[PDB]
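The structure appears below as structure tokens.
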Amino acid sequence: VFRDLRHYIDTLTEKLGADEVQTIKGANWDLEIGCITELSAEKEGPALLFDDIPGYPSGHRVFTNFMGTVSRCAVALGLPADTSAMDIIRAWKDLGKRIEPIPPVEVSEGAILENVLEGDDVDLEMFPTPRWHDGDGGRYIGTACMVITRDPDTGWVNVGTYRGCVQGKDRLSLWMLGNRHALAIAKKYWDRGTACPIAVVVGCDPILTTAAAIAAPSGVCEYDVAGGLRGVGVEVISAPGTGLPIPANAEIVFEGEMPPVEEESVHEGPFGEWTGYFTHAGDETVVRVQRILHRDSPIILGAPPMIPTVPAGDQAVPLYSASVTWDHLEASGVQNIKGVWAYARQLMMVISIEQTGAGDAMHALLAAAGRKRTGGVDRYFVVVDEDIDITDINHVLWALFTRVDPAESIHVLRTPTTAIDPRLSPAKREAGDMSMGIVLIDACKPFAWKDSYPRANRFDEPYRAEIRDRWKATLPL
Amino acid sequence: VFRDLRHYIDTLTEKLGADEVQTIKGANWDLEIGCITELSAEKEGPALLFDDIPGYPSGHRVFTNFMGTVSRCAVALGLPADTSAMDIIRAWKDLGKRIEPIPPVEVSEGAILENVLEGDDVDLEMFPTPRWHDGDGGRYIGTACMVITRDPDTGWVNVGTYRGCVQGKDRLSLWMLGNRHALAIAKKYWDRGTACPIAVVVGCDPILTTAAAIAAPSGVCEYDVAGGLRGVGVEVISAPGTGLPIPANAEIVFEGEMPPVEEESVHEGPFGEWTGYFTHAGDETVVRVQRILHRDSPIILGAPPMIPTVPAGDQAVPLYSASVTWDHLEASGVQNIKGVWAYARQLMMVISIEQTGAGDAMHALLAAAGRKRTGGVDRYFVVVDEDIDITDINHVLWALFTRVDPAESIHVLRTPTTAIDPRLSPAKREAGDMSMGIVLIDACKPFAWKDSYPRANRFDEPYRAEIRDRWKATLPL
Amino acid sequence: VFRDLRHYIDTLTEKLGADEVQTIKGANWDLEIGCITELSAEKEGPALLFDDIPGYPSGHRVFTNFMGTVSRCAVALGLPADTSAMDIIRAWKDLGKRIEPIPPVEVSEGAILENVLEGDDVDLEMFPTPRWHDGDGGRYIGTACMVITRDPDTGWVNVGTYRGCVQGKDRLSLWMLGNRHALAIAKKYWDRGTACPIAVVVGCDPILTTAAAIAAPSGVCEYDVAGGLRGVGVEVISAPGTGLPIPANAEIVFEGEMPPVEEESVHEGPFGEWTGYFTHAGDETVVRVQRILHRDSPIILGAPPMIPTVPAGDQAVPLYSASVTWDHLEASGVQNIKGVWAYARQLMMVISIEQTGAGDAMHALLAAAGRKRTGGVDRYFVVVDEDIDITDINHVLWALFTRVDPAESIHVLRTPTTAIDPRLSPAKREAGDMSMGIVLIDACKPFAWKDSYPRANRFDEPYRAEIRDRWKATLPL
Ligand SMILES: Cc1cc2c3c(c1C)C(C)(C)CC=[N+]3c1c([nH]c(=O)[nH]c1=O)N2C[C@H](O)[C@H](O)[C@H](O)COP(=O)(O)O
Ligand SMILES: Cc1cc2c3c(c1C)C(C)(C)CC=[N+]3c1c([nH]c(=O)[nH]c1=O)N2C[C@H](O)[C@H](O)[C@H](O)COP(=O)(O)O
Ligand SMILES: Cc1cc2c3c(c1C)C(C)(C)CC=[N+]3c1c([nH]c(=O)[nH]c1=O)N2C[C@H](O)[C@H](O)[C@H](O)COP(=O)(O)O
Ligand SMILES: [Mn+2]
Ligand SMILES: [Mn+2]
Ligand SMILES: [Mn+2]
Ligand code: NA
Ligand code: NA
Ligand code: NA
């Protein structure tokens with residue numbers, strides 16, 4: 001529950017020390033910002049606040065890696081700064097069950113109205129938008145962002161997150177996969193020979209984009225869902241030109257209309273997919289930007305895609321993957337679950353149970369492998385006992401390294417993949433052949449003889465936590 | 001919604017002709033009744049009403065195979081006599097979602113009070129109980145039955161179905177698997193050095209035992225659930241001796257108490273498990289029978305176990321298996337489901353989808369294989385396209401025979417089984433080794449080339465149904 | 001040993017009651033007859049005798065499903081109406097060994113001469129020929145039929161069964177696979193610039209077509225073989241126009257000549273292959289029909305292809321498949337064979353042995369899998385112990401469901417298939433790639449521990465037969 005981006009940054013330095021966010025002066029938008037973000041992300045550095053970008057006025061800032069740590073996700077979710085990775089999951093999972101839609105609160109004034117820019121004054125190049133990676137088609141101002149549209153017939157307002165590239169001083173490309181709600185709406189104003197009116201937020205309260213990104217059902221306005229996660233409706237404004245609701249204290253908004261493909265498209269160069277590879281460039285859907293709103297010292301909220309095994313700068317904890325699988329395991333009557341986690345979004349799913357029967361391990365693997373398809377590359381599935389910290393790749397590895405008989409525990413299944421999968425050959429795709437496969441890896445102590453298992457040389461968790469909280473100041477631990 | 005067994009039999013002959021139930025005179029309780037039931041069941045004969053059993057008074061009857069057909073399950077569920085097998089599933093599945101507990105209705109009079117028998121008059125041998133199979137430990141009067149107990153502290157009343165063998169003129173053995181609600185309750189009166197008071201119904205309205213058998217949650221009195229499936233609470237009576245609620249128009253009730261194992265057990269010979277094999281004999285939990293209630297011409301409702309690939313005389317349609325898997329496939333986001341069915345309870349699960357993507361088939365297989373473990377022998381899983389009648393073993397076979405590449409479509413998975421599995425070796429069990437396996441068989445037309453699939457030489461379903469309903473009288477069809 | 005079709009129908013109602021054959025009035029040749037045949041066949045109804053077909057004179061009849069039951073095959077083979085399925089096999093197998101060629105008996109008069117039709121009077125459309133399935137290329141009067149030709153040089157007369165479609169009022173298409181004896185002969189009269197003279201029988205004594213269908217060696221006139229199975233030579237007539245021998249009391253004969261492909265072909269639409277799929281339409285070999293002979297109230301003997309897992313209306317017992325495999329198992333020194341059966345012609349072969357050694361089961365599987373290739377789709381092979389009724393799909397299933405360890409007993413072999421196989425992809429065929437595979441499934445009680453196998457809950461066979469023959473009238477059983 002944040003007022004705006006700045007309340008969030010503050011909150012971070014309140015709960016974590018002034019070191020938790022660090023301001024960087026004189027990095028360049030071209031490659032340099034992105035490359036810093038990527039390395040800092042790998043090293044779980046501070047959240048980065050980029051200032052005095054050469055060619056740009058002071059306070060014209062970029063904020064990256066803003067939720068690229070466990071402890072950060074906890075603050076953002078407003079739990080104790082020191083809440084465990086798996087506790088966050090437990091929390092998220094259970095929030096899921098007790099949240100009702102709380103609508104946005106109208107509100108009359110707000111920081112978004114400090115600088116409004118119309119007709120000629122509309123220059124997208126005014127922002128210090130980075131070119132995040134060599135090979136991007138342009139500069140992607142719209143990453144951790146909101147794309148807002150209103151259904152004209154009902155009045156549902158849908159906020160989702162589509163990549164937005166700067167295509168000129170008044171054009172912003174968006175890429176929406178076929179099935180996107182924004183597009184569903186959009187087509188109402190097309191089959192009526194108007195444009196589809198749209199606003200697009202490119203910096204603001206991260207809880208809001210956390211929500212924009214949530215795969216909310218149709219008809220359901222993800223503004224409400226945000227209200228749900230914070231507990232009070234979000235402070236909002238009729239955008240002047242289009243009427244659409246935008247955040248009162250947002251950082252930067254573009255308003256205006258998006259016509260049909262057949263009338264104006266632009267070339268939307270590649271950008272990185274979630275699997276850590278560049279997707280395809282095409283002629284994409286573009287928006288004519290008619291208004292720019294921005295606060296003084298406007299910050300862009302930047303989440304450029306990284307390879308998925310790097311901490312994800314916009315939520316390092318895999319909230320959705322971990323939690324939704326966990327609900328499926330329960331529904332699938334798997335028992336004594338101690339934890340569910342995902343590395344690289346969903347490419348290794350990990351499950352920690354307490355085995356009470358011979359079939360538990362294989363039952364959890366098949367359960368996890370059969371859950372609701374999402375992003376359509378699946379690969380590894382790993383079950384382990386209740387003494388493995390599955391949020392700690394090292395610990396999971398040691399289990400894969402020391403509790404797996406490869407002749408018995410590795411189950412390679414031959415199954416199809418999806419076009420998105422970087423490992424499908426041109427020859428295969430073209431022939432409609434989607435064969436890939438998955439691995440079910442049973443890394444559990446064998447049940448028949450579990451009590452006879454060699455004992456781990458490692459401190460128990462309680463003690464680990466006694467020493468941690470005792471040697472708090474002194475030493476990272 | 002039946003008044004009693006006799007309303008049900010009537011209903012059967014009303015909806016199906018007087019041929020649907022047939023009365024059999026002069027078969028013997030020893031083997032002969034059972035053996036007739038088994039063959040008639042295989043041939044989907046009439047529901048059998050056994051009369052003039054030698055050594056027994058007229059009207060002392062046995063009723064078997066009472067729901068051993070699709071069309072019978074439909075009448076019992078009170079849908080059109082001619083409702084399709086899969087329509088029944090669709091119905092059951094959806095009833096599941098709209099039923100609330102409707103409690104039993106007290107009622108003052110009823111047919112159960114025509115003959116009450118106390119102290120010396122209590123002779124279990126009075127009933128023409130069959131010895132259903134050679135190898136049964138005795139005569140099993142308690143098959144399609146209700147075992148009623150009341151929790152003394154709360155007052156929850158639990159009705160479940162445990163095998164009941166006649167162990168003398170006043171003793172009835174029951175076998176309850178460790179985790180049975182009756183036993184949960186029972187242990188309250190043991191840890192208090194009283195017996196556990198119990199009544200046991202051995203003939204009555206089959207909807208009632210349909211419900212007794214439903215794996216209802218703890219705390220939940222499956223009398224209510226019966227109320228749910230019929231739409232009105234069930235007509236019921238405080239049994240005189242124990243207070244427990246029993247059906248007003250029931251056929252035969254035994255009331256009395258069951259002490260702890262350590263005080264009186266009996267040898268409870270084998271009887272057939274659901275997998276079509278004899279389980280183990282042991283010293284079992286026994287009930288001292290103190291009252292016998294029975295109507296004039298009392299009928300025993302008999303469901304002896306058959307091998308599971310025979311039509312199950314007590315519900316030939318696999319209501320629970322088919323429906324609960326279907327809910328899991330939905331939850332697991334499998335789509336365009338046309339049908340789910342099970343042969344031999346759950347040993348082949350079959351799923352009919354309409355493929356819209358390369359991964360559908362394997363996704364449905366894994367989804368089904370990971371669902372909530374129940375009876376703990378799993379074996380085959382089969383997915384097919386939307387033109388297969390999966391309720392017709394012949395049609396499913398032809399798909400397994402003509403749409404499976406064995407080198408690509410048969411996925412043998414190595415997984416553990418449970419002690420109940422007749423194929424686990426003594427050597428394995430003793431060593432705690434439960435290895436068995438399952439098969440995922442993709443019997444779908446290959447998606448990459450589906451439109452090029454050879455065309456089936458078989459009448460479309462609409463036409464099949466035009467000719468069927470047109471040539472109705474004339475010819476079985 | 002039947003006089004003609006009518007002696008056969010009679011024989012059926014003599015041995016089985018008047019219910020065994022049922023006369024159907026006012027079904028239409030277009031689809032309706034076929035669709036009734038198919039459903040009645042699935043339900044093992046009566047043999048169907050179709051009368052008063054709209055547009056057609058009375059007694060112009062169609063007879064289907066004429067041998068679509070075990071008990072029917074027994075009557076046809078003239079054994080006790082109640083001979084077991086496997087007894088029929090045992091009988092067939094052993095007949096095979098004691099039959100010598102008994103030639104046809106000349107005879108002077110016969111029912112075939114009641115109506116002869118020449119030049120203009122030749123109208124094939126006169127018969128109430130059904131269009132058996134939607135998708136057939138025309139109406140297939142020639143299904144359960146005889147195609148008779150005489151070798152001009154030697155005088156061998158060959159009768160085989162090729163599909164015959166009505167192609168006009170005086171043209172009948174035949175499709176002969178490359179290697180067919182009729183064609184072998186035919187080519188003698190082509191390489192001599194005459195037509196090949198031919199007669200084609202389309203209703204008659206079913207023993208005769210049983211024989212026409214028998215894959216008799218070259219040089220061997222399958223008229224003789226018929227003599228062998230009945231014990232007396234068959235009553236026969238020089239057809240007037242061509243001289244060829246035809247049955248004295250046949251129902252319907254067409255006589256005339258068939259020229260070479262290059263001189264007159266017709267389009268021979270698809271019809272159903274034995275694997276339950278439509279084959280390819282092509283330009284086919286046609287016969288110019290010059291004579292029509294028919295008895296008063298002439299019946300067409302109709303065996304339309306059904307999917308192979310339906311009871312085959314023309315012999316539900318798989319005489320040839322079951323018996324010839326059985327001889328191979330013997331020759332392959334497999335021992336204590338109790339039974340061999342086939343479902344869907346040959347797509348699951350089943351073998352029942354009495355195991356006396358560790359290697360028996362796998363030895364029977366490989367033996368069966370290596371036998372003489374016939375129709376060129378093979379798929380499943382199943383061995384079981386001597387207590388399985390392998391003629392009862394339910395019983396075989398329960399064995400596959402409860403006696404197979406999938407991790408040990410399922411042997412998938414990678415082997416090529418043939419073009420006929422509906423599951424081979426266009427891409428594969430075109431590349432000359434015939435990979436498919438087969439499964440060897442050992443469903444035997446494991447020998448090492450067989451005596452410890454859980455005991456079947458099912459009535460022994462003797463008793464099953466005591467109750468069956470005791471409760472004969474009373475109840476189907
Ligand atoms: C978090 C997030 C989600 C992206 C996304 C990105 C991020 C960071 C980017 C900016 C890094 C790369 C682009 N993204 C796209 C995307 N969906 C889409 O169709 N096109 C995209 O370009 N999504 C998915 C989208 O955010 C969620 O699936 C929404 O719930 C879908 O919105 P909707 O349900 O209202 O249609
Ligand atoms: C339909 C049915 C279910 C049997 C059953 C049978 C049938 C026909 C028989 C009579 C053929 C063989 C015996 N049965 C037993 C049984 N559960 C058990 O612990 N012991 C048994 O002997 N069950 C299971 C029981 O009916 C259901 O699982 C109940 O929902 C469990 O009751 P509860 O939930 O109240 O404890
Ligand atoms: C029983 C039977 C066998 C058919 C047959 C059918 C049936 C019902 C039909 C009518 C349903 C479909 C068509 N059939 C053809 C066929 N052989 C062939 O080359 N073309 C066919 O069209 N055969 C095979 C033929 O009957 C036997 O293989 C003969 O033994 C071969 O005759 P021959 O040995 O004298 O050449
Ligand atoms: Mn949405
Ligand atoms: Mn219960
Ligand atoms: Mn021949
Ligand atoms: Na969204
Ligand atoms: Na119950
Ligand atoms: Na032949």
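Residue numbering restarts at 1 in every chain; chains get A, B, ... in the order shown in the structure tokens, and ligands count up from 1 in that same order.
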
#### Entry: Within 7 Å of chain B: residues of chain C, using only C-alpha atoms, as number ranges by chain
C: 35-36, 39-40, 43, 133, 272, 276-278, 306-307, 309-310, 347, 379, 394, 398, 401-403, 405-407, 412, 414, 422-423, 436-439, 454-459, 464, 467, 477

### Which of region 260-425 of chain A fall in alpha helix (DSSP H), as number ranges by chain
A: 319-331, 360-369, 393-402

For C-alpha atoms, I'd like the residues from the last selection saved as a JSON list (two decimals), in the first residue's frame.
[["chain", "number", "residue", "atom", "x", "y", "z"],
["A", 319, "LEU", "CA", 4.85, -15.43, -7.04],
["A", 320, "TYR", "CA", 2.48, -16.88, -9.64],
["A", 321, "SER", "CA", 4.27, -20.03, -10.80],
["A", 322, "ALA", "CA", 5.11, -21.23, -7.22],
["A", 323, "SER", "CA", 1.69, -20.47, -5.78],
["A", 324, "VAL", "CA", -0.58, -21.79, -8.52],
["A", 325, "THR", "CA", 1.31, -25.07, -8.76],
["A", 326, "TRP", "CA", 1.01, -25.31, -4.98],
["A", 327, "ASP", "CA", -2.81, -25.06, -5.18],
["A", 328, "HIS", "CA", -2.77, -27.70, -7.92],
["A", 329, "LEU", "CA", -0.71, -30.12, -5.82],
["A", 330, "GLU", "CA", -3.22, -29.68, -3.01],
["A", 331, "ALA", "CA", -6.20, -30.19, -5.29],
["A", 360, "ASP", "CA", 4.25, -39.75, -2.85],
["A", 361, "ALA", "CA", 7.26, -38.63, -4.92],
["A", 362, "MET", "CA", 6.11, -39.84, -8.29],
["A", 363, "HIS", "CA", 2.58, -38.62, -7.52],
["A", 364, "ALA", "CA", 3.86, -35.09, -6.88],
["A", 365, "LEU", "CA", 5.92, -35.09, -10.10],
["A", 366, "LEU", "CA", 3.01, -36.16, -12.27],
["A", 367, "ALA", "CA", 0.74, -33.78, -10.43],
["A", 368, "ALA", "CA", 2.99, -30.83, -11.18],
["A", 369, "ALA", "CA", 3.60, -31.82, -14.78],
["A", 393, "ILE", "CA", 19.55, -23.46, -5.92],
["A", 394, "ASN", "CA", 22.72, -24.79, -4.26],
["A", 395, "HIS", "CA", 20.69, -26.93, -1.87],
["A", 396, "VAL", "CA", 18.40, -28.23, -4.62],
["A", 397, "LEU", "CA", 21.44, -29.02, -6.70],
["A", 398, "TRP", "CA", 23.03, -31.02, -3.94],
["A", 399, "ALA", "CA", 19.89, -33.05, -3.72],
["A", 400, "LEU", "CA", 19.87, -33.61, -7.47],
["A", 401, "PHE", "CA", 23.55, -34.47, -7.15],
["A", 402, "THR", "CA", 23.34, -36.81, -4.12]]

At a cut-off of 12 Å around ligand 8, and using only C-alpha atoms and all ligand atoms, what residues come up? Please write them as a PDB file with C-alpha atoms, in the first residue's frame.
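Generated output (result.pdb):
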ATOM      1  CA  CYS B 145     -25.590 -51.863   3.049  1.00  0.00           C
ATOM      2  CA  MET B 146     -25.377 -49.006   5.601  1.00  0.00           C
ATOM      3  CA  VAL B 147     -23.323 -48.987   8.783  1.00  0.00           C
ATOM      4  CA  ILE B 148     -24.646 -46.204  11.021  1.00  0.00           C
ATOM      5  CA  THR B 149     -22.901 -44.830  14.120  1.00  0.00           C
ATOM      6  CA  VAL B 157     -24.081 -39.641  12.438  1.00  0.00           C
ATOM      7  CA  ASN B 158     -21.890 -41.475   9.915  1.00  0.00           C
ATOM      8  CA  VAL B 159     -23.215 -44.022   7.415  1.00  0.00           C
ATOM      9  CA  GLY B 160     -20.647 -45.993   5.395  1.00  0.00           C
ATOM     10  CA  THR B 161     -20.552 -49.404   3.728  1.00  0.00           C
ATOM     11  CA  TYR B 162     -18.399 -52.192   5.234  1.00  0.00           C
ATOM     12  CA  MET B 176     -13.440 -51.380   8.326  1.00  0.00           C
ATOM     13  CA  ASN B 179      -9.347 -44.777   8.262  1.00  0.00           C
ATOM     14  CA  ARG B 180     -13.072 -45.409   8.279  1.00  0.00           C
ATOM     15  CA  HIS B 181     -15.424 -42.924   9.941  1.00  0.00           C
ATOM     16  CA  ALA B 182     -17.484 -45.634  11.651  1.00  0.00           C
ATOM     17  CA  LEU B 183     -14.187 -46.706  13.347  1.00  0.00           C
ATOM     18  CA  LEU B 208     -29.398 -44.542   0.313  1.00  0.00           C
ATOM     19  CA  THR B 209     -26.493 -46.989  -0.113  1.00  0.00           C
ATOM     20  CA  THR B 210     -25.341 -45.042  -3.194  1.00  0.00           C
ATOM     21  CA  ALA B 211     -24.866 -42.317  -0.590  1.00  0.00           C
ATOM     22  CA  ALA B 212     -23.470 -44.518   2.202  1.00  0.00           C
ATOM     23  CA  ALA B 213     -20.715 -45.398  -0.266  1.00  0.00           C
ATOM     24  CA  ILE B 214     -20.007 -41.706  -1.133  1.00  0.00           C
ATOM     25  CA  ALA B 215     -16.639 -40.723   0.396  1.00  0.00           C
ATOM     26  CA  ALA B 216     -18.209 -37.855   2.330  1.00  0.00           C
ATOM     27  CA  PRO B 217     -15.880 -35.590   4.422  1.00  0.00           C
ATOM     28  CA  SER B 218     -15.540 -36.126   8.159  1.00  0.00           C
ATOM     29  CA  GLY B 219     -18.148 -34.437  10.423  1.00  0.00           C
ATOM     30  CA  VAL B 220     -20.609 -34.762   7.468  1.00  0.00           C
ATOM     31  CA  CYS B 221     -23.586 -37.096   7.950  1.00  0.00           C
ATOM     32  CA  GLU B 222     -24.162 -38.896   4.621  1.00  0.00           C
ATOM     33  CA  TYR B 223     -27.866 -39.027   5.481  1.00  0.00           C
ATOM     34  CA  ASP B 224     -27.964 -35.348   4.522  1.00  0.00           C
ATOM     35  CA  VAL B 225     -26.161 -36.108   1.232  1.00  0.00           C
ATOM     36  CA  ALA B 226     -28.903 -38.561   0.361  1.00  0.00           C
TER      37      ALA B 226
END

### Task
Determine which residues of region 151-249 of chain A receive a DSSP assignment of strand (DSSP E or B), computed from the backbone, and state them as a list in words.
residues 157, 158, 159, 160, 164, 165, 166, 171, 172, 173, 174, 196, 197, 198, 199, 200, 201, 202, 203, 235, 236, 237, 238, 245, 246 and 247 of chain A

Kindly export the residues of the current selection with N, CA, C and O atoms, as a compact mmCIF listing (two decimals), in the first residue's frame.
# COMPACT_ATOMS: atom_id res chain seq x y z
N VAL A 157 -12.81 -1.87 -17.59
CA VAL A 157 -11.52 -1.30 -17.95
C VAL A 157 -10.40 -2.31 -17.66
O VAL A 157 -10.23 -2.75 -16.52
N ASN A 158 -9.64 -2.65 -18.72
CA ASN A 158 -8.63 -3.69 -18.65
C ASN A 158 -7.25 -3.06 -18.68
O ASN A 158 -6.92 -2.37 -19.65
N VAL A 159 -6.44 -3.37 -17.65
CA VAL A 159 -5.03 -3.03 -17.60
C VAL A 159 -4.15 -4.28 -17.67
O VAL A 159 -4.19 -5.17 -16.83
N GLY A 160 -3.32 -4.35 -18.71
CA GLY A 160 -2.36 -5.41 -18.90
C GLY A 160 -1.00 -4.80 -19.23
O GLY A 160 -0.88 -3.58 -19.29
N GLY A 164 6.14 -1.73 -25.04
CA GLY A 164 5.97 -0.45 -25.69
C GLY A 164 7.30 0.18 -26.11
O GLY A 164 8.09 0.62 -25.29
N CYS A 165 7.56 0.21 -27.41
CA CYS A 165 8.77 0.83 -27.92
C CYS A 165 8.49 2.24 -28.47
O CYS A 165 7.45 2.50 -29.08
N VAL A 166 9.46 3.16 -28.29
CA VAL A 166 9.37 4.51 -28.83
C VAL A 166 9.63 4.46 -30.33
O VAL A 166 10.70 4.03 -30.77
N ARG A 171 4.66 8.31 -31.57
CA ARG A 171 4.23 6.94 -31.82
C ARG A 171 4.92 5.97 -30.85
O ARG A 171 6.14 5.96 -30.68
N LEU A 172 4.11 5.09 -30.25
CA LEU A 172 4.59 4.06 -29.35
C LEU A 172 4.06 2.72 -29.84
O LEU A 172 2.85 2.58 -29.89
N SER A 173 4.94 1.79 -30.27
CA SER A 173 4.48 0.45 -30.66
C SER A 173 4.09 -0.34 -29.42
O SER A 173 4.73 -0.19 -28.38
N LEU A 174 3.00 -1.12 -29.51
CA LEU A 174 2.68 -2.13 -28.53
C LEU A 174 2.60 -3.47 -29.26
O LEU A 174 2.14 -3.50 -30.40
N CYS A 196 -9.14 2.79 -31.14
CA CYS A 196 -9.37 2.36 -29.78
C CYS A 196 -8.63 3.29 -28.83
O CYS A 196 -7.40 3.35 -28.83
N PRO A 197 -9.33 4.04 -27.95
CA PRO A 197 -8.66 4.95 -27.02
C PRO A 197 -7.95 4.15 -25.92
O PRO A 197 -8.46 3.14 -25.42
N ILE A 198 -6.77 4.65 -25.52
CA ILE A 198 -5.83 3.88 -24.74
C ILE A 198 -4.94 4.83 -23.94
O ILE A 198 -4.55 5.89 -24.42
N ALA A 199 -4.65 4.47 -22.68
CA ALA A 199 -3.57 5.16 -21.98
C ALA A 199 -2.55 4.11 -21.54
O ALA A 199 -2.90 2.94 -21.45
N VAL A 200 -1.30 4.53 -21.34
CA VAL A 200 -0.19 3.61 -21.13
C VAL A 200 0.72 4.21 -20.07
O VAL A 200 1.25 5.29 -20.31
N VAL A 201 0.90 3.55 -18.90
CA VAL A 201 1.64 4.12 -17.77
C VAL A 201 3.03 3.51 -17.74
O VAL A 201 3.14 2.29 -17.83
N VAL A 202 4.07 4.31 -17.50
CA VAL A 202 5.42 3.82 -17.81
C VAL A 202 6.34 4.05 -16.59
O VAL A 202 7.55 3.80 -16.55
N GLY A 203 5.68 4.48 -15.51
CA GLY A 203 6.31 4.63 -14.22
C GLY A 203 5.21 4.94 -13.22
O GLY A 203 4.28 5.68 -13.55
N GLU A 235 -5.83 5.47 -6.01
CA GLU A 235 -6.06 6.87 -6.28
C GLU A 235 -5.80 7.15 -7.77
O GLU A 235 -4.71 6.94 -8.29
N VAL A 236 -6.83 7.73 -8.41
CA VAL A 236 -7.00 7.59 -9.84
C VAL A 236 -7.56 8.89 -10.43
O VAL A 236 -8.05 9.75 -9.71
N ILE A 237 -7.40 9.07 -11.74
CA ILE A 237 -7.86 10.29 -12.41
C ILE A 237 -8.39 9.94 -13.80
O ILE A 237 -7.76 9.16 -14.51
N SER A 238 -9.55 10.48 -14.16
CA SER A 238 -9.92 10.55 -15.56
C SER A 238 -8.79 11.27 -16.28
O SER A 238 -8.51 12.43 -16.00
N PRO A 245 -9.22 5.72 -16.65
CA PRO A 245 -8.66 5.95 -15.31
C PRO A 245 -7.16 5.68 -15.26
O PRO A 245 -6.76 4.60 -15.59
N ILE A 246 -6.38 6.64 -14.77
CA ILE A 246 -4.94 6.51 -14.59
C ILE A 246 -4.56 6.88 -13.16
O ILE A 246 -5.31 7.60 -12.48
N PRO A 247 -3.41 6.39 -12.63
CA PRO A 247 -3.01 6.68 -11.24
C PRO A 247 -2.67 8.14 -10.96
O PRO A 247 -1.90 8.76 -11.69

### Task
Tell me, as a ChimeraX atom specification, which residues lie within 10 Å of region 292-300 of chain B, counting only C-alpha atoms; anything in the same chain fewer than 5 positions away does not count.
/B:5-6,49-51,57-64,110-119,121-124,127-130,141-145,170,199-204,239,249-256

### Query
Excluding same-chain residues fewer than 3 positions from residue 71 (chain A), what lies within 6 Å of it counting only C-alpha atoms, as a PyMOL selection string?
chain A and resi 74+81-82
